[PDB]
Amino acid sequence: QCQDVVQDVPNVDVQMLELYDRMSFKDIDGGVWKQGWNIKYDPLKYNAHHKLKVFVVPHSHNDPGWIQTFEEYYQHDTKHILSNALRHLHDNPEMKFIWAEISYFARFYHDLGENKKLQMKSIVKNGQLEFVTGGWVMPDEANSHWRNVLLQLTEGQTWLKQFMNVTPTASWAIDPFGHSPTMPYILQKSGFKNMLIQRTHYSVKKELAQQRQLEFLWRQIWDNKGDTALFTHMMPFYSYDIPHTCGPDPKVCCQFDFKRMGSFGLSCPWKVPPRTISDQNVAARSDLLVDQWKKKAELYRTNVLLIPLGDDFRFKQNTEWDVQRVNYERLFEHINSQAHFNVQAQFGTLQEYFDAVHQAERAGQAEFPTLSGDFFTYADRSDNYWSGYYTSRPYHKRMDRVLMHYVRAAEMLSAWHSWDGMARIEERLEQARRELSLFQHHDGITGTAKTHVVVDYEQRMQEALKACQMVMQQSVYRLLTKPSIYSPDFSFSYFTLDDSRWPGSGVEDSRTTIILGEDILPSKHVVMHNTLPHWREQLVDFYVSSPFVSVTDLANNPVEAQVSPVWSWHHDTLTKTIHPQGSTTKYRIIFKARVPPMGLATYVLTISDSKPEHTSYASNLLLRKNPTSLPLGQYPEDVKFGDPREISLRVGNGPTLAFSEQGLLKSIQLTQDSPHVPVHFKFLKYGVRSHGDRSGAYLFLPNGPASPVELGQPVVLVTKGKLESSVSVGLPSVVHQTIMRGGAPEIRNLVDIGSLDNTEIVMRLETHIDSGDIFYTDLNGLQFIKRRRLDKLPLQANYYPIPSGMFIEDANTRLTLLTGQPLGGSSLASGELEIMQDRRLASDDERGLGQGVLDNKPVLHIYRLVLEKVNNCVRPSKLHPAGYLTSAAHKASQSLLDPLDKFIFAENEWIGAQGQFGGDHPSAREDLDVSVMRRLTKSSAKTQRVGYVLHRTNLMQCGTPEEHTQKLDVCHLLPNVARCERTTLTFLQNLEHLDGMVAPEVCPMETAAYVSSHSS
Ligand SMILES: CCCCCCCCN[C@@H]1C=C(CO)[C@@H](O)[C@H](O)[C@H]1O
Ligand SMILES: *[C@@H]1O[C@H](CO)[C@@H](O)[C@H](O)[C@H]1NC(C)=O
Ligand SMILES: [Zn+2]
C-alpha cells in the first residue's frame, strides 16, 4: 500500500540535482533583463479569439520585524496600510489586495470596533481582500524546522478560520532567501492547490524560463507516483518590486510604479520617472506596458498572465492608493477597449490567477512539467550567495530549537486534561505558540534583523519559555498527584525545569542546585517527561549540594548513579590561559532515567554521610604544562595532573575514542576487534575580502579557504566515569567537549567569538571516507537531500543549510553529524564535513540591513557524531536524489531535539506523589512520532476534541531484525472517544470519518493529522 521511497527513482521533467550538474552558471549581461536575454514575441500570437488575460495583483510586503520591531512597524506602517486598505477596498469595488502575514492582521483586527470588523469581513467575503498562505508569518525555508513551519501556518489559518471564515488554498512566498520542497509537502497536506515562489538563483530563473518550466508540479524527491505534487509558479525576475514585475525591462516597469513621482520620497534609479496617465499619453503608455506584458507572457505556457503590483510596506498613504488605482484604471480602460492589443487586463487576486491558469490547462491549452529538488543556495547576483544566514545570530537559532521542543512538551502535557479557565493554560500556550511562530519570520531565525530587533525576538522567546515551564510544571503536578489529594493553586510553582543544555554552561549559571543536608532536607523528588511515543532511557544530570547522594525510583529500587565535579571554564586574564575551575560547593549527579511513551517517571535523590553503595565517582585528569592544584570541596577523589598527551576512552560496550594531545578527536573504534577509523576534529577560520564585496548577515564571501585556528598549548580536562566520560579543551573562542555515554558521542561547543571582527569559526571533520563530491544535508528536519559539490561554483555556493543533520558515505562507511541548532555547512573535499559555529562581521553587505553582525554572545552548540558501517544497508541507487538515516542516527537526532524534560519538586514535601504516568501508552515503532498533540477545545465544550500530527520517517534497513512493537492508535489515547477523523495538518478540515474510531498509522515519509472527539 505504501510507496517505496528508496528503490524507485522518480521520473520527472526537471530534477534539480541533475539540472545543477548540467547547467553553466555563467553570469553574462543579458541587456535590460540583466540576467536573462532580449525577449521576442510574435505579435500575431494573441488575436480576437485568443486574448492575453492579465491579472494585476496589488500587494504589500510587511516584515514582522527587520529594521524595526514588529510593534514599531505595526505603529509606524502596517496599521495605516490595513486601515486604508479597508477604506479603499470598501469604496472601490473592483480594486483587489492580497495579504500574507496574519500576525499583523490579527494585531490590527483586534484593535477594530465592531463596525469596521463587519466591513472587513464583507470585503473578504466578496473577494476583494484575499489572504494568501495565511501563516502567522512568511517563514524562512532554510533554518526553520518543519514542525515550526506547521505551527505558524496553523496559528495563522486557525485565526483566519475563526474570525474571517476563510482558509487559503494558494500560497505566496516572495521573500524567503531560497526555497524548500518542505513547503509544498506541508501545504499539499493542508488543503493547498497552488503556491508561488520568487528567490531562486538567477541562473535557474534563466534556465527554466528558456524552457517555459517556471510553472511546474513540484513533487517530493522520493515520490514515484506524484501524489505529493503541488502546482507551483516561480516568478521570473530579480525582485518582487514593481520595476521587476511588469516585464523584463525595469527602466520601463519603474515608470508604472506611481508612487515614484517625488512627493513620496521614492524615485526611479533608471532615471525615467512615472508620468500620470492622461487621455494624451495613454495610448503611448499602454503600448509600452502591453509590450512588457507580452514579453513576460512568452516565459509561460497559458494565455493568463500574473503581474504582482507592490513592494515593502506599500499601500500606506491614502494618496498612494489613489495614485496606483486611478492610473491603472486608465490603462485598463484604454487597453481593454483597443482590439489590436488583444488583451483583457484587470485587478485580480492570486486565487483568480491560478483558477484561470487551470481553466486554460483543462481546455488543453498547456501541460505542465514535473519537478523535484530544492532552490538552495540562492544568489541574487554575481557570486553573492546567501549562505551567511544559515549561521548568523546562532544563539537565537539554538533558542528556536529549544523553544520548539518546550512548546511541543507544554501542549502535550497539558492536553491530557481539560483545564479550568482560571488555570490560564490556553492563554500561556497561545502566547508561546505566537512568539515561536513570529520568530519563523525570514528575518527572525535567519539572524538578518537589526540588533534591537534581535533583542525583541529573544525577549519574546524568553517569555514563551517561561509560559511553557508554567504549563508543563502545573501539568506534571496534576498527572502525578493522587486525584483526591490534588490541590492546585494555578499561580504556584510546584516544579522548576532543569535544563543542562540551555542556555548552557558558560552562557548562564541558570541551573538551581538541589540543596540536601542532614539538618535541613534529606531527599528530593525529580520527574522526567518523555514527549516521544516509545519507551526511552536517557542519562540525566542534576546539581546537588553534596557528593554523597543516591538515587531510587518510586518503588524504592536503587538506581546506579555517577557523581562528577561541576567544572566551569574561565579565560584567566592573569595567566593568559583558558582553564577549568572546579566547584567546591556543588556536584553533578548522573543516572539513567527510564520513561514511558509520552509519559512521566519519578525518582528520589537522598543524601547520606558517606559514599552511597550505588553511586560511583568520576576520576579527573587535567593535562597541561605547569599545573596548579584543583581542590573540589568534599569530592572524594583527588584530581590528577600530567603534561598534554594522546588519550583514549571507552564507556560501556560503546566505541573507543582516541584524542590528540590538544583534546580533539582523532579516531573512533567501533568494536573491540574493529579498526581505529580516522575521524579528526579541527577548528578553522574564514576571513572577509579587503576589496570587492564584504560578507554580512546574509552573504558569505570568504577570502579563500579557511586557515587553522592556532591552538597554542590548550588545557585539556579528562573526566572518566562508569556512566559518562568526557574530554574538554579550552581553545581560542571555543570550549570543545566530547561526551561519551556508551553510544555515539555527544559534542558540545561553548562558542564565544569575542571581539574577533571579520572572522567565521568553522568546525571540520577530516576522514578517509571516499565520498568524492557527494554529501547529504537535511531540509527542515524532515528529509535528507543529496548534494553534489561543484567546482564550477565558488566555495560559498557549496554551503547549504544544516537545519538538523549532514552525512557523507562511501560503499562501506558513513559519518553522520546531527545538530541541536541550524547552522551552515558543506563538504569541501572528499571525506570532509564542516559546519560554521559563529561569524562576526564588521561591514554591512548591501541588502538593506545597514549594519554588520557585531552582537555575538556565547552560545552552546550541541551535536551527535555517528560513525557507522553501511555496506549491508539497502540504499537508494546512484541516481536517486534522497538519502535516509539509520536507526542510530535518527535516535541521536531525537536526543538533541526532544530530550527528556527534567523537573525538580520545589517545596520540601510532595504529598500524594505518584511514580509514573503513561505506563499503558503504546510504544510505537521507532520511525513513528507524535509530532504534535494539542487539545483543541476549551473546558466548556460538551464534545472535547484533541488533535494529533503523526509523522513516520524512513530508516535504512541494515539487517537488524529489530522488530515487535505496538500499533499506536491516537484516537484511543483519551477515554470516551465518540469519533475519530483524519484532517488536514492544521486540523481545520475533516477529510475522512474513520471506521471503529481508529486512526491508522502512516507510511514512511508521510505525515497525517487526526482529531479524536470525546463526550465530556
Ligand atoms: C537590495 C535592496 C535593498 C532592500 C530595500 C528594501 C528592503 C527590501 N525587502 C527586504 C530586504 C531584505 C534583504 O535584502 C530582507 O531581509 C527583508 O525581509 C525584505 O523585506
Ligand atoms: C463561512 O463560509 C461558508 C462557505 O463554506 C458559507 O457558506 C458560510 O455562510 C460562512 N459562514 C458565515 C458566518 O457566513
Ligand atoms: Zn521580507
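Using the numbering used here, read the sequence shown as starting at 738 and increasing by one per residue.
All C-beta atoms, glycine included, are put in the ideal place defined by N, C-alpha and C.
Is residue i near ligand 2, with its Cβ less than 8 Å from a heavy atom?
i: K862; result: yes
i: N1727; result: no
i: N1079; result: no
i: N1018; result: no
Is residue i near ligand 3, judged by its Cβ being under 8 Å from some heavy atom?
i: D1048; result: no
i: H1071; result: no
i: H916; result: no
i: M1209; result: no
i: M1742; result: no
i: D912; result: yes
For residue i, which of helix, strand or coil comes out of DSSP?
i: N1486; result: strand
i: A1160; result: helix
i: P913; result: coil
i: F1437; result: coil
i: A1643; result: coil
i: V743; result: coil
i: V1063; result: helix
i: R1426; result: coil
i: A1338; result: strand
i: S940; result: helix
i: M832; result: coil
i: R1171; result: helix
i: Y1143; result: helix
i: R1248; result: coil
i: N821; result: helix
i: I1182; result: coil
Between residue i and residue j, is the Cβ-Cβ spacing less than 9 Å?
i: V1414; j: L1342; result: no
i: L954; j: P830; result: no
i: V1453; j: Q1399; result: yes
i: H1658; j: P1220; result: no
i: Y1194; j: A1186; result: yes
i: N931; j: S917; result: no
i: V1192; j: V1596; result: no
i: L1552; j: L1502; result: yes
i: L1728; j: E1718; result: yes
i: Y1122; j: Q1574; result: no
i: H827; j: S859; result: yes
i: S881; j: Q1177; result: yes
i: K1329; j: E1297; result: yes
i: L1291; j: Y1231; result: no
i: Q1211; j: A1152; result: no
Check the C-beta distance from residue i over to residue j and give it rounded, since I have them as a contact under 8 Å.
i: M972; j: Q935; result: 5 Å
i: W803; j: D1180; result: 4 Å
i: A1434; j: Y1126; result: 6 Å
i: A1201; j: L1150; result: With 8 Å as the limit, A1201 and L1150 do not qualify as a contact, their Cβ atoms being about 16 Å apart.
i: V791; j: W1030; result: 6 Å
i: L1358; j: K1377; result: 5 Å
i: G1649; j: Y1223; result: 7 Å
i: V1669; j: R1145; result: 7 Å
i: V1416; j: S1404; result: 6 Å
Consider the C-beta atom of residue i and the heavy atoms of ligand 1; say whether any pair is separated by less than 8 Å.
i: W803; result: yes
i: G1585; result: yes
i: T1114; result: no
i: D1180; result: yes
i: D1236; result: no
i: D1193; result: no
i: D800; result: yes
i: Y1435; result: yes
i: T1339; result: no
Practice task
Let me know the beta strand (DSSP E) ranges lying completely inside the region 1547-1583, each 3 residues or longer, listed in chain order.
Solution key: 1550-1556, 1560-1563 and 1569-1577
Practice task
Please go through the region 1655-1726 and give each complete beta strand (DSSP E) segment of 3 or more residues, from N-terminal end onward.
Solution key: 1665-1672, 1680-1689 and 1714-1720
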